[PDB]
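Q: What follows is the file run.cif, containing mmCIF, C-alpha atoms and all ligand atoms:
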data_coords
#
loop_
_atom_site.group_PDB
_atom_site.id
_atom_site.type_symbol
_atom_site.label_atom_id
_atom_site.label_comp_id
_atom_site.auth_asym_id
_atom_site.auth_seq_id
_atom_site.Cartn_x
_atom_site.Cartn_y
_atom_site.Cartn_z
ATOM 1 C CA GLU S 1 108.330 8.396 -42.840
ATOM 2 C CA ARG S 2 109.489 8.063 -39.257
ATOM 3 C CA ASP S 3 106.414 7.119 -37.363
ATOM 4 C CA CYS S 4 105.476 9.849 -34.912
ATOM 5 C CA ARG S 5 102.182 8.300 -33.891
ATOM 6 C CA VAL S 6 102.082 8.055 -30.071
ATOM 7 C CA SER S 7 100.525 4.599 -30.349
ATOM 8 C CA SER S 8 103.604 3.261 -32.108
ATOM 9 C CA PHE S 9 106.053 4.378 -29.461
ATOM 10 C CA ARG S 10 108.142 1.633 -27.913
ATOM 11 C CA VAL S 11 108.381 1.681 -24.106
ATOM 12 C CA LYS S 12 110.368 -0.140 -21.458
ATOM 13 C CA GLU S 13 109.775 -3.899 -21.614
ATOM 14 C CA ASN S 14 109.102 -5.625 -18.354
ATOM 15 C CA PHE S 15 109.204 -2.332 -16.530
ATOM 16 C CA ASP S 16 110.105 -2.999 -12.894
ATOM 17 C CA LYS S 17 108.446 -0.479 -10.534
ATOM 18 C CA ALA S 18 110.485 -1.487 -7.485
ATOM 19 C CA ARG S 19 113.852 -1.138 -9.256
ATOM 20 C CA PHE S 20 112.767 2.248 -10.496
ATOM 21 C CA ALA S 21 112.149 3.551 -6.919
ATOM 22 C CA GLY S 22 114.379 6.175 -5.357
ATOM 23 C CA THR S 23 115.872 9.496 -6.341
ATOM 24 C CA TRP S 24 115.930 10.645 -9.982
ATOM 25 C CA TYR S 25 117.494 13.977 -10.934
ATOM 26 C CA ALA S 26 115.848 15.601 -13.977
ATOM 27 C CA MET S 27 118.789 16.550 -16.239
ATOM 28 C CA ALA S 28 116.881 17.595 -19.343
ATOM 29 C CA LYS S 29 113.290 18.199 -20.360
ATOM 30 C CA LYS S 30 110.982 19.010 -23.213
ATOM 31 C CA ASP S 31 108.110 21.282 -22.064
ATOM 32 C CA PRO S 32 104.381 21.065 -22.786
ATOM 33 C CA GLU S 33 102.120 24.080 -23.208
ATOM 34 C CA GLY S 34 101.307 26.258 -20.192
ATOM 35 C CA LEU S 35 102.802 26.222 -16.712
ATOM 36 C CA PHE S 36 105.475 23.669 -15.954
ATOM 37 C CA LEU S 37 108.390 22.867 -13.643
ATOM 38 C CA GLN S 38 111.296 25.083 -14.683
ATOM 39 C CA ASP S 39 114.404 23.827 -12.920
ATOM 40 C CA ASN S 40 115.837 22.382 -9.721
ATOM 41 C CA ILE S 41 113.789 19.298 -10.450
ATOM 42 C CA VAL S 42 114.344 16.131 -8.385
ATOM 43 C CA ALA S 43 111.806 13.276 -8.137
ATOM 44 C CA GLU S 44 111.493 10.613 -5.486
ATOM 45 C CA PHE S 45 109.702 7.450 -6.575
ATOM 46 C CA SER S 46 108.219 4.930 -4.144
ATOM 47 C CA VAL S 47 106.419 1.597 -4.428
ATOM 48 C CA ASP S 48 104.397 0.233 -1.607
ATOM 49 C CA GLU S 49 103.908 -3.394 -0.496
ATOM 50 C CA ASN S 50 100.887 -3.671 -2.805
ATOM 51 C CA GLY S 51 102.964 -2.530 -5.816
ATOM 52 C CA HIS S 52 101.359 0.891 -5.932
ATOM 53 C CA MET S 53 103.819 3.402 -7.306
ATOM 54 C CA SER S 54 103.862 7.037 -6.245
ATOM 55 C CA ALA S 55 106.322 9.921 -6.336
ATOM 56 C CA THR S 56 107.087 13.316 -4.932
ATOM 57 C CA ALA S 57 108.767 15.991 -7.015
ATOM 58 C CA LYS S 58 110.406 19.259 -6.109
ATOM 59 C CA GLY S 59 111.141 21.988 -8.583
ATOM 60 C CA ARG S 60 111.164 25.715 -9.112
ATOM 61 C CA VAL S 61 108.221 27.104 -11.022
ATOM 62 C CA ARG S 62 106.846 30.575 -11.906
ATOM 63 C CA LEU S 63 103.120 31.159 -11.516
ATOM 64 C CA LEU S 64 101.014 32.890 -14.119
ATOM 65 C CA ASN S 65 101.805 36.219 -12.459
ATOM 66 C CA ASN S 66 105.482 35.369 -13.059
ATOM 67 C CA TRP S 67 106.132 35.038 -9.296
ATOM 68 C CA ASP S 68 108.576 32.318 -8.291
ATOM 69 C CA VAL S 69 108.147 29.292 -6.061
ATOM 70 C CA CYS S 70 109.426 25.925 -5.030
ATOM 71 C CA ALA S 71 106.685 23.421 -5.877
ATOM 72 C CA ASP S 72 106.278 20.279 -3.828
ATOM 73 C CA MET S 73 104.325 17.936 -6.130
ATOM 74 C CA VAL S 74 102.829 14.572 -5.395
ATOM 75 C CA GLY S 75 101.824 11.931 -7.905
ATOM 76 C CA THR S 76 100.106 8.538 -7.631
ATOM 77 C CA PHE S 77 100.315 6.102 -10.594
ATOM 78 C CA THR S 78 97.633 3.768 -11.834
ATOM 79 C CA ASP S 79 98.871 0.662 -13.634
ATOM 80 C CA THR S 80 97.684 -0.227 -17.096
ATOM 81 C CA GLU S 81 97.838 -3.255 -19.372
ATOM 82 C CA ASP S 82 101.252 -1.967 -20.379
ATOM 83 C CA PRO S 83 103.669 -2.269 -17.350
ATOM 84 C CA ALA S 84 105.589 0.825 -18.503
ATOM 85 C CA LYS S 85 102.473 2.987 -19.137
ATOM 86 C CA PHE S 86 100.769 4.679 -16.189
ATOM 87 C CA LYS S 87 98.145 7.236 -15.458
ATOM 88 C CA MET S 88 99.570 9.798 -13.039
ATOM 89 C CA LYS S 89 97.246 11.844 -10.831
ATOM 90 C CA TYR S 90 99.206 14.762 -9.406
ATOM 91 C CA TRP S 91 98.802 17.804 -7.202
ATOM 92 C CA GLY S 92 100.932 20.173 -5.150
ATOM 93 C CA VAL S 93 101.365 20.575 -1.416
ATOM 94 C CA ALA S 94 100.323 24.184 -2.040
ATOM 95 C CA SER S 95 96.706 24.536 -3.215
ATOM 96 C CA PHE S 96 97.601 27.053 -5.935
ATOM 97 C CA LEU S 97 99.773 24.509 -7.807
ATOM 98 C CA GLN S 98 98.485 22.719 -10.846
ATOM 99 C CA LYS S 99 96.601 19.471 -10.498
ATOM 100 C CA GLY S 100 95.803 16.941 -13.191
ATOM 101 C CA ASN S 101 95.979 13.437 -14.608
ATOM 102 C CA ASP S 102 98.709 12.733 -17.146
ATOM 103 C CA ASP S 103 99.939 9.758 -19.032
ATOM 104 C CA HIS S 104 103.286 8.772 -17.598
ATOM 105 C CA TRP S 105 105.348 6.447 -19.797
ATOM 106 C CA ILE S 106 108.753 4.962 -19.127
ATOM 107 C CA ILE S 107 110.231 4.997 -22.597
ATOM 108 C CA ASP S 108 113.478 3.515 -21.440
ATOM 109 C CA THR S 109 115.609 3.112 -18.361
ATOM 110 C CA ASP S 110 118.345 1.116 -16.987
ATOM 111 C CA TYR S 111 117.265 1.794 -13.358
ATOM 112 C CA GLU S 112 120.824 2.556 -12.324
ATOM 113 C CA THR S 113 121.837 5.463 -14.385
ATOM 114 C CA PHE S 114 119.153 6.974 -16.678
ATOM 115 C CA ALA S 115 115.461 7.060 -17.485
ATOM 116 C CA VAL S 116 113.538 8.658 -20.302
ATOM 117 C CA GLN S 117 109.918 9.582 -19.467
ATOM 118 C CA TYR S 118 107.162 10.806 -21.743
ATOM 119 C CA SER S 119 103.653 12.184 -21.552
ATOM 120 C CA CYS S 120 101.330 13.089 -24.382
ATOM 121 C CA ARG S 121 98.552 15.365 -23.079
ATOM 122 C CA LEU S 122 96.711 15.692 -26.383
ATOM 123 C CA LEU S 123 96.584 13.614 -29.583
ATOM 124 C CA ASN S 124 96.486 15.160 -32.980
ATOM 125 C CA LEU S 125 93.833 13.829 -35.276
ATOM 126 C CA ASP S 126 96.632 11.963 -37.123
ATOM 127 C CA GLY S 127 97.716 10.215 -33.960
ATOM 128 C CA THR S 128 100.845 12.259 -33.353
ATOM 129 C CA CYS S 129 101.101 14.235 -30.125
ATOM 130 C CA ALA S 130 99.823 17.851 -30.090
ATOM 131 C CA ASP S 131 101.120 18.590 -26.584
ATOM 132 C CA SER S 132 103.857 16.537 -24.972
ATOM 133 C CA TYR S 133 106.457 16.750 -22.249
ATOM 134 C CA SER S 134 109.387 14.498 -21.499
ATOM 135 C CA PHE S 135 112.048 14.228 -18.804
ATOM 136 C CA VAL S 136 115.521 12.814 -18.957
ATOM 137 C CA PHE S 137 116.400 11.573 -15.482
ATOM 138 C CA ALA S 138 119.680 10.487 -13.958
ATOM 139 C CA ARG S 139 120.580 8.734 -10.761
ATOM 140 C CA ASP S 140 123.684 10.898 -10.527
ATOM 141 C CA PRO S 141 123.289 14.693 -10.971
ATOM 142 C CA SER S 142 126.337 14.959 -13.196
ATOM 143 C CA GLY S 143 126.504 14.713 -16.971
ATOM 144 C CA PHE S 144 126.032 11.250 -18.498
ATOM 145 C CA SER S 145 128.673 9.100 -20.045
ATOM 146 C CA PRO S 146 128.937 9.551 -23.806
ATOM 147 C CA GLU S 147 127.634 5.939 -24.158
ATOM 148 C CA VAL S 148 124.430 6.734 -22.171
ATOM 149 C CA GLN S 149 124.067 10.053 -24.004
ATOM 150 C CA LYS S 150 123.887 8.111 -27.245
ATOM 151 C CA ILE S 151 121.113 5.881 -25.963
ATOM 152 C CA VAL S 152 119.093 8.787 -24.593
ATOM 153 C CA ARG S 153 119.396 10.555 -27.954
ATOM 154 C CA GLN S 154 117.994 7.496 -29.710
ATOM 155 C CA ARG S 155 115.004 7.520 -27.374
ATOM 156 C CA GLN S 156 114.422 11.191 -27.900
ATOM 157 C CA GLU S 157 114.457 10.542 -31.631
ATOM 158 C CA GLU S 158 111.872 7.703 -31.179
ATOM 159 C CA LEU S 159 109.497 10.219 -29.554
ATOM 160 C CA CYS S 160 109.809 12.786 -32.409
ATOM 161 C CA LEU S 161 111.420 15.123 -29.799
ATOM 162 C CA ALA S 162 115.096 15.150 -30.811
ATOM 163 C CA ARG S 163 116.618 18.602 -30.437
ATOM 164 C CA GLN S 164 113.616 19.772 -28.357
ATOM 165 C CA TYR S 165 115.087 19.348 -24.921
ATOM 166 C CA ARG S 166 116.796 21.872 -22.673
ATOM 167 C CA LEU S 167 119.311 21.171 -19.888
ATOM 168 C CA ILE S 168 117.928 21.734 -16.350
ATOM 169 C CA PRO S 169 120.006 23.651 -13.719
ATOM 170 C CA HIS S 170 120.266 22.489 -10.138
ATOM 171 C CA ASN S 171 121.308 25.118 -7.612
ATOM 172 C CA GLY S 172 119.345 24.578 -4.440
ATOM 173 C CA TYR S 173 116.524 27.189 -4.651
ATOM 174 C CA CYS S 174 114.200 24.584 -3.068
ATOM 175 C CA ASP S 175 116.112 23.002 -0.231
HETATM 176 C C1 LIG Q 201 104.070 14.828 -10.055
HETATM 177 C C2 LIG Q 201 105.368 14.368 -10.676
HETATM 178 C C3 LIG Q 201 105.744 14.674 -12.078
HETATM 179 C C4 LIG Q 201 105.122 15.849 -12.778
HETATM 180 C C5 LIG Q 201 104.950 17.125 -12.248
HETATM 181 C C6 LIG Q 201 104.301 18.155 -12.917
HETATM 182 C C7 LIG Q 201 103.534 17.924 -14.244
HETATM 183 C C8 LIG Q 201 104.416 19.425 -12.296
HETATM 184 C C9 LIG Q 201 103.764 20.537 -12.755
HETATM 185 C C10 LIG Q 201 103.711 21.567 -11.859
HETATM 186 C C11 LIG Q 201 103.121 22.850 -12.119
HETATM 187 C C12 LIG Q 201 102.543 23.198 -13.528
HETATM 188 C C13 LIG Q 201 103.039 23.778 -11.008
HETATM 189 C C14 LIG Q 201 102.427 25.156 -11.106
HETATM 190 O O1 LIG Q 201 101.062 25.243 -10.751
HETATM 191 C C15 LIG Q 201 106.929 13.997 -12.790
HETATM 192 C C16 LIG Q 201 106.579 13.647 -14.254
HETATM 193 C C17 LIG Q 201 108.093 14.980 -12.717
HETATM 194 C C18 LIG Q 201 107.444 12.717 -12.111
HETATM 195 C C19 LIG Q 201 107.338 12.645 -10.587
HETATM 196 C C20 LIG Q 201 105.974 13.118 -9.994
#
Could you write out this structure as structure tokens?
Ligand SMILES: CC1=C(/C=C/C(C)=C/C=C/C(C)=C/CO)C(C)(C)CCC1

A:
Amino acid sequence: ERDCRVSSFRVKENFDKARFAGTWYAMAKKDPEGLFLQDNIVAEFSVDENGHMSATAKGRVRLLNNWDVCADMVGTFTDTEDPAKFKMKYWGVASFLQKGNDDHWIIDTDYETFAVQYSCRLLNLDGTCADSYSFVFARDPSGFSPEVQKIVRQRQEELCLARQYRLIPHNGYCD
């Protein structure tokens, strides 16, 4: 079989938090259960002088009563024994936005053009993920390069998530 156990998933070696800092445009995503960022998603990663990584994220989202809003989210990352695996505590500027603590894994990135992120929120008893999400980020809010598309596809197929992503519009609803 292709291994879909979360524990077997390869992640970015020698992940470099400082290099990852800056603006990342979410170009594609795979959604988890329940409420989630819908579109117009742009993240801003930062790393302080003590190496603590954090990020803000903007995106459009509809609230359980379908109502629409621009979310301003904030996340702070706790390092683990794996440099590419973090715990991300997050919340919104607005009190009504979802809060939580998610795995945040950098599956792959070249720091200059793309990144593939992943989070499993719930393990199946067989070790596969029961509830995941994943972002494909770009430094440039255009399309990738065929060459980069290939690499992202391979990563997506490592996560057992190939063919489960949707393209994300950007049209300044948030600005
Ligand atoms: C914080 C943040 C992230 C996740 C945001 C999430 C999970 C938003 C969910 C918002 C909801 C459900 C709002 C409605 O109440 C990602 C991974 C983009 C990276 C940058 C920082």

Q: With a distance cut-off of 10 Å and all atoms listed in the file, select the neighbouring residues of residue 22 in chain S, excluding the residue or stretch itself and same-chain residues fewer than 2 positions from it, and output the selection as a count of residues only.

A: 12

Q: Select the residues contacting ligand LIG 201 (chain Q) at a distance of at most 7 Å, based on all atoms listed in the file, then format the selection as a ChimeraX atom specification.

A: /S:35-37,43-45,55-57,61,63,71,73-75,90-91,96-98,104

Q: Skipping near chain neighbours, those fewer than 4 positions away, what residues fall within 10 Å of residue 141 in chain S using only C-alpha atoms, listed as a VMD selection string?

A: chain S and resid 24 to 27 42 113 137 169 to 170

Q: Using only C-alpha atoms, can you tell me which of S:53, S:123, S:69, S:174 comes closest to residue 84 in chain S?

A: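 Among S:53, S:123, S:69, S:174, it is S:53 that comes nearest to residue 84 in chain S.
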
Q: Could you tell me which of S:5, S:58, S:10, S:52 comes closest to residue 92 in chain S if we count only C-alpha atoms?

A: S:58

Q: Using all atoms listed in the file, find the one residue out of S:17, S:31, S:100, S:129 that sits nearest to residue 49 in chain S.

A: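 Closest residue, counting all atoms listed in the file: S:17.
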
Q: Kindly give the distance, in Å, that separates CA of residue 110 in chain S and CA of residue 157 in chain S, rounded to a single decimal.

A: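 The value is 17.8 Å.
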
Q: Leaving out residue 82 in chain S and any residue of its chain fewer than 6 positions from it, which residues lie within 9 Å of it when counting all atoms listed in the file, given as a PyMOL selection string?

A: chain S and resi 11+13-15

Q: Using the chain letters and residue numbers of this document, give as a list in words the residues selected by the PyMOL selection byres (((chain S and resi 135) around 8) and not hetatm).

A: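 For this structure, the PyMOL selection byres (((chain S and resi 135) around 8) and not hetatm) captures residues 26, 27, 28, 29, 30, 116, 117, 118, 133, 134, 136 and 137 of chain S.
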
Q: Write a file of the selected residues as a compact mmCIF listing (two decimals), in the frame of the given file, keeping C-alpha atoms.

A:
# COMPACT_ATOMS: atom_id res chain seq x y z
CA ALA S 26 115.85 15.60 -13.98
CA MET S 27 118.79 16.55 -16.24
CA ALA S 28 116.88 17.60 -19.34
CA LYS S 29 113.29 18.20 -20.36
CA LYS S 30 110.98 19.01 -23.21
CA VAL S 116 113.54 8.66 -20.30
CA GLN S 117 109.92 9.58 -19.47
CA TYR S 118 107.16 10.81 -21.74
CA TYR S 133 106.46 16.75 -22.25
CA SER S 134 109.39 14.50 -21.50
CA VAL S 136 115.52 12.81 -18.96
CA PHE S 137 116.40 11.57 -15.48

Q: Quick one, how far is CA of residue 163 in chain S from CA of residue 12 in chain S?

A: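 Separating CA of residue 163 in chain S from CA of residue 12 in chain S is a distance of 21.7 Å.
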
Q: Do you have the CA of residue 2 in chain S-CA of residue 160 in chain S distance handy?

A: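 That distance, rounded to one decimal, is 8.3 Å.
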
Q: Name all residues at most 10 Å from residue 32 in chain S (count all atoms listed in the file; drop same-chain ones fewer than 5 positions away) and give them as a ChimeraX atom specification.

A: /S:119-121,130-134

Q: Here is a test: counting only C-alpha atoms, which residue of S:146, S:34, S:103, S:156 is nearest to residue 64 in chain S?

A: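 Looking at the shortest contact to residue 64 in chain S, the residue is S:34.
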
Q: I'd like to see the residues matched by the PyMOL selection byres (((chain S and resi 38) around 8) and not hetatm) on this file, and ideally I'd get them as a list in words.

A: residues 36, 37, 39, 40, 41, 59, 60, 61, 62 and 168 of chain S

Q: Those residues you just picked out, can you put them in a file as a tab-separated table (two decimals), in the coordinates of the input with C-alpha atoms?

A:
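Okay, this is what ended up in result_6.tsv:
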chain	number	residue	atom	x	y	z
S	36	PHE	CA	105.48	23.67	-15.95
S	37	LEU	CA	108.39	22.87	-13.64
S	39	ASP	CA	114.40	23.83	-12.92
S	40	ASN	CA	115.84	22.38	-9.72
S	41	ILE	CA	113.79	19.30	-10.45
S	59	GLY	CA	111.14	21.99	-8.58
S	60	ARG	CA	111.16	25.72	-9.11
S	61	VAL	CA	108.22	27.10	-11.02
S	62	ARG	CA	106.85	30.58	-11.91
S	168	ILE	CA	117.93	21.73	-16.35
